[PDB]
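Source file: input-v5.cif. Holds: mmCIF, C-alpha atoms and all ligand atoms.
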```
data_model
loop_
_atom_site.label_atom_id
_atom_site.label_comp_id
_atom_site.auth_asym_id
_atom_site.auth_seq_id
_atom_site.Cartn_x
_atom_site.Cartn_y
_atom_site.Cartn_z
CA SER A 1 148.57 -105.18 -71.52
CA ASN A 2 146.94 -107.14 -68.67
CA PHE A 3 144.65 -110.13 -69.42
CA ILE A 4 142.14 -110.74 -66.56
CA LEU A 5 140.50 -114.19 -67.00
CA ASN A 6 136.99 -114.19 -65.45
CA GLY A 7 135.06 -117.51 -65.15
CA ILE A 8 137.89 -119.85 -66.32
CA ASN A 9 136.88 -123.19 -67.99
CA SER A 10 133.26 -121.94 -68.44
CA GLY A 11 131.21 -119.57 -70.62
CA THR A 12 131.65 -118.83 -74.36
CA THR A 13 134.82 -116.66 -74.86
CA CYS A 14 136.77 -119.60 -76.34
CA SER A 15 140.06 -120.32 -78.15
CA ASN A 16 140.18 -122.08 -81.57
CA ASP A 17 143.89 -123.10 -81.28
CA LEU A 18 143.02 -126.73 -80.21
CA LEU A 19 140.23 -127.01 -82.82
CA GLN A 20 141.29 -129.07 -85.85
CA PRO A 21 142.75 -126.82 -88.60
CA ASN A 22 140.51 -126.58 -91.68
CA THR A 23 143.61 -127.91 -93.57
CA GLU A 24 142.92 -128.78 -97.27
CA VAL A 25 139.92 -130.43 -98.99
CA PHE A 26 141.75 -133.48 -100.40
CA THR A 27 140.31 -134.56 -103.80
CA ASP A 28 140.07 -137.95 -105.58
CA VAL A 29 140.62 -139.79 -102.21
CA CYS A 30 138.20 -141.28 -99.66
CA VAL A 31 137.77 -139.08 -96.51
CA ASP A 32 135.67 -139.37 -93.31
CA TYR A 33 134.21 -135.87 -93.49
CA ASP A 34 132.24 -133.91 -90.87
CA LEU A 35 130.68 -131.02 -92.83
CA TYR A 36 128.51 -128.48 -90.98
CA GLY A 37 127.25 -130.93 -88.30
CA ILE A 38 126.75 -134.00 -90.60
CA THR A 39 129.28 -136.85 -90.98
CA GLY A 40 129.98 -139.47 -93.67
CA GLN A 41 132.57 -140.92 -96.06
CA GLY A 42 133.13 -139.81 -99.68
CA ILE A 43 135.40 -138.66 -102.52
CA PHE A 44 135.59 -134.93 -103.32
CA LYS A 45 135.97 -133.42 -106.83
CA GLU A 46 136.10 -129.64 -107.43
CA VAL A 47 133.45 -128.08 -109.72
CA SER A 48 132.34 -124.51 -110.59
CA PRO B 1 166.35 -142.68 -57.75
CA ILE B 2 168.52 -144.24 -60.50
CA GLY B 3 166.56 -144.57 -63.79
CA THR B 4 164.18 -141.63 -63.01
CA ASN B 5 163.83 -138.13 -64.55
CA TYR B 6 163.85 -135.08 -62.21
CA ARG B 7 160.83 -132.70 -61.92
CA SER B 8 160.62 -130.77 -65.20
CA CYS B 9 161.30 -127.03 -64.70
CA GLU B 10 162.44 -124.02 -66.82
CA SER B 11 164.33 -120.73 -66.15
CA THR B 12 162.91 -117.53 -67.75
CA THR B 13 164.03 -113.87 -67.48
CA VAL B 14 161.22 -112.14 -65.44
CA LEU B 15 161.29 -109.28 -62.82
CA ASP B 16 164.60 -108.26 -64.53
CA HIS B 17 166.09 -111.47 -62.95
CA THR B 18 168.06 -113.92 -65.18
CA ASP B 19 167.12 -117.10 -63.24
CA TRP B 20 163.43 -116.85 -62.29
CA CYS B 21 162.19 -120.48 -62.29
CA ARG B 22 158.90 -122.15 -63.37
CA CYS B 23 157.92 -125.80 -62.89
CA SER B 24 155.31 -128.38 -63.97
CA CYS B 25 152.20 -129.62 -62.03
CA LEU B 26 151.51 -126.14 -60.46
CA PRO B 27 149.68 -125.35 -58.22
CA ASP B 28 148.94 -129.06 -57.58
CA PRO B 29 148.16 -132.07 -59.90
CA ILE B 30 144.34 -131.85 -59.24
CA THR B 31 144.08 -128.14 -60.15
CA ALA B 32 147.09 -128.29 -62.54
CA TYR B 33 147.53 -125.32 -64.86
CA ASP B 34 148.17 -127.85 -67.69
CA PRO B 35 147.82 -131.69 -67.51
CA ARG B 36 149.93 -131.95 -70.75
CA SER B 37 153.30 -131.09 -69.10
CA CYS B 38 152.55 -132.58 -65.64
CA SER B 39 154.03 -136.11 -65.29
CA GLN B 40 151.13 -137.15 -62.98
CA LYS B 41 148.19 -138.16 -65.25
CA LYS B 42 144.56 -138.25 -64.00
CA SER B 43 143.20 -141.84 -64.16
CA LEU B 44 139.84 -143.38 -63.24
CA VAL B 45 140.07 -146.85 -61.62
CA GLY B 46 139.36 -149.78 -63.96
CA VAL B 47 137.44 -152.93 -63.01
CA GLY B 48 139.38 -154.97 -60.40
CA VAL C 1 130.66 -168.79 -108.19
CA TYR C 2 130.72 -167.19 -104.73
CA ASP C 3 130.00 -163.50 -104.18
CA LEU C 4 132.36 -162.71 -101.29
CA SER C 5 131.62 -160.22 -98.48
CA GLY C 6 131.65 -156.63 -99.76
CA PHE C 7 134.73 -154.78 -98.51
CA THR C 8 135.18 -150.95 -98.29
CA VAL C 9 138.17 -148.66 -98.98
CA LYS C 10 139.23 -147.20 -95.59
CA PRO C 11 139.21 -143.33 -95.50
CA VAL C 12 142.71 -141.76 -95.64
CA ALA C 13 142.25 -138.17 -94.40
CA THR C 14 139.57 -136.29 -92.40
CA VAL C 15 137.77 -133.02 -93.30
CA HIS C 16 135.89 -130.82 -90.84
CA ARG C 17 133.90 -127.61 -91.38
CA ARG C 18 131.60 -125.68 -89.01
CA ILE C 19 130.41 -122.05 -88.99
CA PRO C 20 132.23 -120.47 -85.98
CA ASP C 21 128.81 -119.45 -84.47
CA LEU C 22 130.25 -116.64 -82.26
CA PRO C 23 132.05 -113.62 -83.82
CA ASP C 24 135.86 -113.29 -83.77
CA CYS C 25 137.13 -111.38 -80.69
CA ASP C 26 139.47 -109.18 -82.87
CA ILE C 27 141.81 -108.62 -79.86
CA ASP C 28 144.66 -107.71 -82.29
CA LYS C 29 142.45 -104.92 -83.84
CA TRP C 30 142.14 -103.29 -80.37
CA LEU C 31 145.78 -103.92 -79.25
CA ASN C 32 147.20 -102.62 -82.59
CA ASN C 33 145.28 -99.29 -82.36
CA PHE C 34 147.88 -96.50 -82.93
CA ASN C 35 146.06 -94.09 -80.52
CA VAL C 36 147.45 -95.83 -77.36
CA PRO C 37 146.63 -94.33 -73.89
CA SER C 38 149.06 -93.36 -71.11
CA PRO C 39 149.04 -95.36 -67.80
CA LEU C 40 147.23 -92.33 -66.24
CA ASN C 41 144.21 -92.81 -68.59
CA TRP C 42 144.48 -96.60 -69.14
CA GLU C 43 141.80 -98.07 -71.46
CA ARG C 44 139.74 -101.25 -70.70
CA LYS C 45 137.89 -103.60 -73.12
CA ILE C 46 135.97 -106.76 -72.14
CA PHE C 47 135.98 -109.65 -74.63
CA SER C 48 132.84 -111.74 -73.95
CA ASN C 49 131.13 -114.41 -76.09
CA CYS C 50 133.68 -114.51 -78.98
CA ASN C 51 136.35 -116.73 -80.63
CA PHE C 52 140.14 -116.00 -80.62
CA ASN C 53 143.53 -117.61 -81.46
CA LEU C 54 146.40 -116.48 -79.18
CA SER C 55 148.90 -118.28 -81.48
CA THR C 56 147.94 -115.78 -84.25
CA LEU C 57 147.33 -112.87 -81.80
CA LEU C 58 150.98 -112.94 -80.59
CA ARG C 59 152.22 -112.83 -84.24
CA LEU C 60 149.83 -109.92 -85.06
CA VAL C 61 150.82 -107.79 -81.97
CA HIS C 62 154.58 -108.65 -82.12
CA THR C 63 154.89 -109.83 -78.49
CA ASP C 64 158.10 -108.88 -76.60
CA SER C 65 157.21 -111.12 -73.55
CA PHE C 66 154.16 -113.08 -72.24
CA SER C 67 153.57 -114.60 -68.75
CA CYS C 68 150.65 -115.65 -66.50
CA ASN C 69 149.91 -115.37 -62.75
CA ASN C 70 147.50 -117.88 -61.10
CA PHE C 71 147.24 -119.45 -64.66
CA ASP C 72 149.41 -120.71 -67.61
CA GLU C 73 149.67 -119.67 -71.31
CA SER C 74 149.39 -123.34 -72.45
CA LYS C 75 145.85 -123.65 -70.94
CA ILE C 76 144.56 -120.58 -72.81
CA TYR C 77 144.64 -122.88 -75.90
CA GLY C 78 141.16 -124.45 -76.46
CA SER C 79 139.72 -122.97 -73.20
CA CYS C 80 136.50 -121.03 -72.69
CA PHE C 81 136.09 -118.05 -70.33
CA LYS C 82 133.05 -116.08 -69.02
CA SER C 83 134.85 -112.87 -70.12
CA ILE C 84 138.45 -111.68 -70.73
CA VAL C 85 139.07 -108.15 -69.34
CA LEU C 86 141.92 -106.39 -71.22
CA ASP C 87 143.72 -103.23 -70.00
CA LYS C 88 146.49 -101.47 -72.03
CA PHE C 89 148.89 -98.48 -72.09
CA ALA C 90 152.27 -97.40 -73.53
CA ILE C 91 155.27 -97.89 -71.18
CA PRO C 92 157.48 -94.94 -70.03
CA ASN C 93 160.96 -96.55 -70.51
CA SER C 94 162.48 -95.63 -67.08
CA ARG C 95 159.38 -97.17 -65.33
CA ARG C 96 159.42 -100.61 -67.16
CA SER C 97 160.27 -102.38 -63.83
CA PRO D 1 110.77 -104.06 -71.49
CA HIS D 2 110.63 -101.88 -74.66
CA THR D 3 112.68 -100.47 -77.58
CA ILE D 4 113.07 -96.88 -78.90
CA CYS D 5 113.16 -95.27 -82.36
CA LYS D 6 116.64 -93.96 -83.31
CA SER D 7 115.45 -92.08 -86.47
CA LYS D 8 112.65 -89.79 -85.09
CA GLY D 9 113.81 -89.93 -81.40
CA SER D 10 111.70 -90.90 -78.33
CA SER D 11 110.45 -89.46 -75.01
CA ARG D 12 111.73 -92.63 -73.18
CA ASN D 13 115.24 -94.22 -73.16
CA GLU D 14 115.63 -97.84 -74.47
CA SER D 15 115.41 -100.45 -71.67
CA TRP D 16 114.57 -104.14 -72.30
CA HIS D 17 117.52 -105.65 -70.30
CA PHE D 18 119.61 -104.20 -67.41
CA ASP D 19 122.94 -106.05 -67.72
CA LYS D 20 125.76 -103.61 -66.68
CA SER D 21 128.23 -106.00 -68.40
CA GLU D 22 127.60 -108.42 -71.32
CA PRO D 23 125.93 -111.69 -70.06
CA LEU D 24 126.56 -115.23 -71.38
CA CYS D 25 125.56 -115.62 -75.05
CA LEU D 26 125.48 -118.97 -76.95
CA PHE D 27 124.94 -117.15 -80.32
CA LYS D 28 125.71 -113.60 -81.62
CA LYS D 29 125.46 -112.48 -85.30
CA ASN D 30 124.33 -109.54 -87.47
CA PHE D 31 122.48 -109.96 -90.80
CA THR D 32 121.58 -107.33 -93.45
CA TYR D 33 118.23 -106.54 -95.14
CA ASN D 34 117.05 -104.20 -97.94
CA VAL D 35 115.61 -101.08 -96.19
CA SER D 36 113.57 -100.13 -99.32
CA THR D 37 111.42 -103.36 -99.02
CA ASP D 38 107.80 -103.13 -97.76
CA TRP D 39 107.53 -106.55 -96.00
CA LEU D 40 109.79 -108.92 -94.01
CA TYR D 41 109.09 -112.57 -93.10
CA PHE D 42 110.43 -114.66 -90.15
CA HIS D 43 110.17 -118.36 -89.08
CA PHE D 44 110.90 -119.34 -85.43
CA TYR D 45 110.49 -122.92 -84.05
CA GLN D 46 111.93 -125.67 -81.81
CA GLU D 47 112.55 -129.44 -82.24
CA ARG D 48 114.26 -131.97 -79.84
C1 LIG E 1 125.24 -105.61 -84.60
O1 LIG E 1 124.78 -104.29 -85.00
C2 LIG E 1 124.64 -103.30 -83.91
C3 LIG E 1 124.11 -101.99 -84.52
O2 LIG E 1 124.85 -101.65 -85.71
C4 LIG E 1 125.99 -103.17 -83.20
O3 LIG E 1 125.85 -102.31 -82.04
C5 LIG E 1 126.46 -104.54 -82.68
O4 LIG E 1 127.75 -104.37 -82.03
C6 LIG E 1 126.58 -105.54 -83.83
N1 LIG E 1 126.92 -106.87 -83.31
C7 LIG E 1 127.69 -107.74 -83.95
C8 LIG E 1 127.85 -109.13 -83.32
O5 LIG E 1 128.26 -107.45 -85.00
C1 LIG E 2 115.00 -103.19 -102.38
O1 LIG E 2 113.55 -103.15 -102.18
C2 LIG E 2 112.76 -102.40 -103.19
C3 LIG E 2 111.26 -102.54 -102.91
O2 LIG E 2 110.90 -103.93 -102.76
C4 LIG E 2 113.13 -102.87 -104.61
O3 LIG E 2 112.55 -101.95 -105.56
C5 LIG E 2 114.64 -102.87 -104.85
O4 LIG E 2 114.90 -103.38 -106.18
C6 LIG E 2 115.35 -103.71 -103.78
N1 LIG E 2 116.80 -103.61 -103.97
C7 LIG E 2 117.63 -104.64 -103.79
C8 LIG E 2 119.12 -104.36 -104.03
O5 LIG E 2 117.20 -105.74 -103.45
#
```

Target encoding structure tokens, full file:
Amino acid sequence: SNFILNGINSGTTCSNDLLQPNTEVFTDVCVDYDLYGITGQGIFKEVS
Amino acid sequence: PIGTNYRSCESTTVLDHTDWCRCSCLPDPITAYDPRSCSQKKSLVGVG
Amino acid sequence: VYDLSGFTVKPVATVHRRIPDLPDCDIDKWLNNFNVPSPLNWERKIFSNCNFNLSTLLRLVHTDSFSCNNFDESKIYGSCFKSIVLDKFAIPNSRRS
Amino acid sequence: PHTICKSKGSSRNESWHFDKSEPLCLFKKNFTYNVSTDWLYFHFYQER
């Protein structure tokens, strides 16, 4: 296969490799979260 | 010069050749294909 | 009795979530199609306005070799493009060169 | 510009845009709705 790169460093066909991994939602510890466009600090506990 | 590292380069098997060579800072440091591997780092001038 | 300045526990880890906005490119789903064309009738697909991960794409296609001309594989990571034009076919073994 | 009706067919072909290749898009997504419903509601607005 041949990858032709039109309009390099512009547009919207992007790569998510250098986007922070979702990782794990750490619980019972303080974290500086950024959830869906809003930031803060808090402690997470899982519930149903 | 003594105490300096040579230009980082790598040999890869391409065009059925065993010693096809690739190097950092290509094509030039301004339009570099990747500033991460290039030893020349872009830097704005500070005050003074 | 002096009430000292209120301190705060410094956050340990960071958590980030965002809807990916644009759809996934699914380049692996088009490269892994079992109905591959010959070089005579080569197929073309344009990937525009979508999100992709070449680190995962190479694992999902089982890459034999990857190289770039007038560009580098390291700069594909985190970069945006107007459109990626992709052309594919099976290789007749004696013509690999 | 106008749209056509895929179920009963149309005398005209659909033509609201004439982009030979896909143009730049900042957002693309498909949503589903119950076809048996009689009414649909939509809110569209801008702020900052
Ligand atoms: C949305 O639906 C239409 C019609 O089914 C389809 O042509 C189009 O490719 C879909 N787009 C996305 C982003 O799924
Ligand atoms: C779909 O719409 C019809 C009419 O409003 C309603 O009778 C039906 O229960 C709806 N079905 C679902 C799955 O929402």

Q.
Using all atoms listed in the file, which residues of the polymer chains come no farther than 7 Å from ligand LIG 1 (chain E)? I'd like the answer as a ChimeraX atom specification.
A. /C:23 /D:28-30

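With all atoms listed in the file as the atoms that count, the residue of B:13, B:33, B:38, B:44 with the shortest distance to chain C is B:33.
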
Q) Please, which residues have at least one atom within 10 Å of an atom of ligand LIG 2 (chain E), using all atoms listed in the file, listed as a list in words? A)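 Answer in the requested format: residues 33, 34, 35, 36, 37, 38 and 39 of chain D.
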
Find the nearest atom pair between each residue of chain C and chain D for residues within 8 Å, count only C-alpha atoms, give distances in Å to one decimal, sort rows by chain and ascending number, and present the table as JSON lines.
```
{"residue": "C:21", "atom": "CA", "partner": "D:27", "partner_atom": "CA", "distance": 6.1}
{"residue": "C:22", "atom": "CA", "partner": "D:28", "partner_atom": "CA", "distance": 5.5}
{"residue": "C:23", "atom": "CA", "partner": "D:28", "partner_atom": "CA", "distance": 6.7}
{"residue": "C:48", "atom": "CA", "partner": "D:22", "partner_atom": "CA", "distance": 6.7}
{"residue": "C:49", "atom": "CA", "partner": "D:25", "partner_atom": "CA", "distance": 5.8}
{"residue": "C:82", "atom": "CA", "partner": "D:24", "partner_atom": "CA", "distance": 7.0}
```

Q.
Using Å and a single decimal, report how far atom CA of residue C:14 sits from atom CA of residue A:30.
A.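 Interatomic distance, atom CA of residue A:30 to atom CA of residue C:14: 8.9 Å.
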
(Q) Could you work out which residues of chain B fall inside 10 Å of chain C? Count all atoms listed in the file, and format the result as a VMD selection string. (A) chain B and resid 12 to 16 26 to 27 32 to 37

Near stretch 16-19 of chain D, within 7 Å and counting only C-alpha atoms, which residues show up once chain neighbours fewer than 6 positions away are dropped, as a PDB file with C-alpha atoms, in the coordinates of the input?
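As a result, result.pdb now contains:
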```
ATOM      1  CA  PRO D   1     110.770-104.060 -71.490  1.00  0.00           C
ATOM      2  CA  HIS D   2     110.630-101.880 -74.660  1.00  0.00           C
ATOM      3  CA  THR D   3     112.680-100.470 -77.580  1.00  0.00           C
TER       4      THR D   3
END
```

Q: Scan for residues within 6 Å of the point (136.9, -122.4, -83.7) in the coordinates of the file, using all atoms listed in the file, and reply as a ChimeraX atom specification.
A: /A:16,19 /C:20

Q) Hey, what's within 12 Å of residue C:43 if we count all atoms listed in the file and toss same-chain stuff fewer than 2 positions away? As a PyMOL selection string, please? A) (chain A and resi 1-2) or (chain C and resi 30-31+33+35-41+45-46+85-90)

(Q) What's the separation between atom CA of residue B:10 and atom CA of residue C:62, in Å to one decimal place? (A)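 Atom-to-atom, atom CA of residue B:10 and atom CA of residue C:62 are spaced 23.1 Å apart.
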
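Among the candidate residues B:3, B:31, B:48, B:40, the one lying nearest to chain A is B:31, with distances computed using only C-alpha atoms.
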
Listed atoms of stretch 11-29 of chain B boxed axis-aligned with 4 Å per side, centre + edges as AutoDock Vina command-line options:
```
--center_x 158.1 --center_y -120.2 --center_z -62.7 --size_x 27.9 --size_y 31.8 --size_z 18.2
```

Q: Excluding stretch 4-8 of chain B and residues on its chain fewer than 6 positions from it, collect all residues at most 10 Å away from it, counting only C-alpha atoms, and give them as a list in words.
A: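 Residues meeting the cut-off are residues 22, 23, 24, 25, 37, 38 and 39 of chain B.
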
Q. Which value, in Å to one decimal, gives the distance between atom CA of residue A:42 and atom CA of residue C:17?
A.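 Result for atom CA of residue A:42 versus atom CA of residue C:17: 14.8 Å, one decimal.
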
If you count all atoms listed in the file, which residues fall within 10 Å of residue A:46, apart from same-chain ones fewer than 6 positions away, as a PDB file with C-alpha atoms, keeping the file's coordinate frame?
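After the write, result.pdb holds the following:
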```pdb
ATOM      1  CA  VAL A  25     139.920-130.430 -98.990  1.00  0.00           C
ATOM      2  CA  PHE A  26     141.750-133.480-100.400  1.00  0.00           C
ATOM      3  CA  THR A  27     140.310-134.560-103.800  1.00  0.00           C
ATOM      4  CA  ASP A  28     140.070-137.950-105.580  1.00  0.00           C
TER       5      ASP A  28
END
```

Q | Shortest interatomic distance to chain A - which of C:63, C:83, C:56, C:32, counting only C-alpha atoms | A | C:83
